[PDB]
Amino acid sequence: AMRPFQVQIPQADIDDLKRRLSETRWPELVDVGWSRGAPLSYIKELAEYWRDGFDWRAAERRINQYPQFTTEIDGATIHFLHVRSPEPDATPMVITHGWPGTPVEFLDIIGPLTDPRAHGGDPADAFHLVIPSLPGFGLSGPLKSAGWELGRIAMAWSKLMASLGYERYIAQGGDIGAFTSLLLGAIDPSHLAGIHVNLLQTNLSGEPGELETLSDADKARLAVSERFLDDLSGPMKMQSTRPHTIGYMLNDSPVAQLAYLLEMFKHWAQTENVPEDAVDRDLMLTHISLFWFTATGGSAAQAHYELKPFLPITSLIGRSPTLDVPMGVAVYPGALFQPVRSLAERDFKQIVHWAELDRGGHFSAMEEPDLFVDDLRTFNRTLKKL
């Protein structure tokens, strides 16, 4: 049974965040720009704005315009947005965030996807949207028990869609949400209209002849991963081994929680100089505040521990089980991993949609809502012609 939910942060918690922000003990660090983490000049000014200018209550209102629910599945609380189109025949779609994600990434796409008529679009392009928070993340709240490996998440998701009455839906996502959607392919193929992933990593099989078949451009695309592995993989390594330790390090300092996530907003998102290049500052702070207020820094960190075998820091080699479900792929230029189509085609036998976009990074929908919407609309048009 679905229990109506609204975000309502107690006033005392907001007061506590402001107190902690003004009392931050700022470290003495050398100025090397963003090279070793957020520079003091940037993070201090942002932290001050976070305290003095950011309007949490307004952000809370913007989120609460969307119907939300919580339900219990397999021993965990799951929070989700459920936004019905005014078109009854809209195509159901579950959009799943990854780490460090929240449904707030998707505020800018919800309107256009669910109500295209009101956004100058074709009413035939409508979706009904389900936007859940991963177990242990943000509004789903912290975990009371562990063991949430990918297959368990996928099983949960199929139960959710089934109990909402959706017998045919699209599974969409990036990062953890991409894996979840891909696993839905094996777990719930009879109810899956299609899978769409906006972040795809393609592994070499490890078999001899494969490399020779790749062009210089394919190989360069595979080597893109080297930036993440060398420079950006620290948080994933920490979370895949000691997520509790990360918890202690995020839960008791707002600036710690800020500084940690600024890494993704600077480098995972596609930026030039600052996070604001890619994402609106108030949206970013909304996203970040969710983690802080829900105190799920540590519980969310558990996901990397649970998904260790799937981590690119664990292995970049090996065929995935074959997948016959209609599939769409979107390649964002700033994505940390870049898929090679022929490697993708090796395992995924019904890729019906392959799009290469010219801007946007890791948080694709969040960074480039219009591109993302146009893309998903095109994909669904293709599905309907099958």
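Throughout, we count residues from 1 along the sequence that is shown.
J.: Higher mean Cα B-factor in the deposited model: 212 to 220 or 106 to 114?
T.: Higher mean C-alpha B-factor: 212 to 220.
J.: Say you rank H196, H287, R242, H119 by Cα B-factor from the PDB entry; which sits at the top?
T.: The C-alpha B-factor peaks, among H196, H287, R242, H119, at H119.
J.: Can you pull the Cα B-factors for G173, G297, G75, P92 from the entry and say which is highest?
T.: Of the candidates given, the C-alpha B-factor peaks at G75.
J.: Select lowest, middle or highest to describe the third in which the CA B-factor of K159 falls within its chain in this entry.
T.: CA B-factor rank for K159: highest third.
J.: Taking the entry's C-alpha B-factors for this chain, is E276 in the lowest, middle or highest third?
T.: Tercile = highest for this residue's CA B-factor.
J.: Could you say whether, by C-alpha temperature factor, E87 belongs to the lowest, middle or highest third of its chain?
T.: Tercile = middle for this residue's CA B-factor.
J.: Looking at the C-alpha B-factor of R19, is it in the lowest, middle or highest third of its chain?
T.: Highest third, going by the recorded CA B-factors of the chain.
J.: Taking the chain's C-alpha temperature factors as the reference, tell me which third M366 falls into: lowest, middle or highest.
T.: For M366, whose C-alpha B-factor we compare with every modelled residue in the chain, the answer is the middle third.
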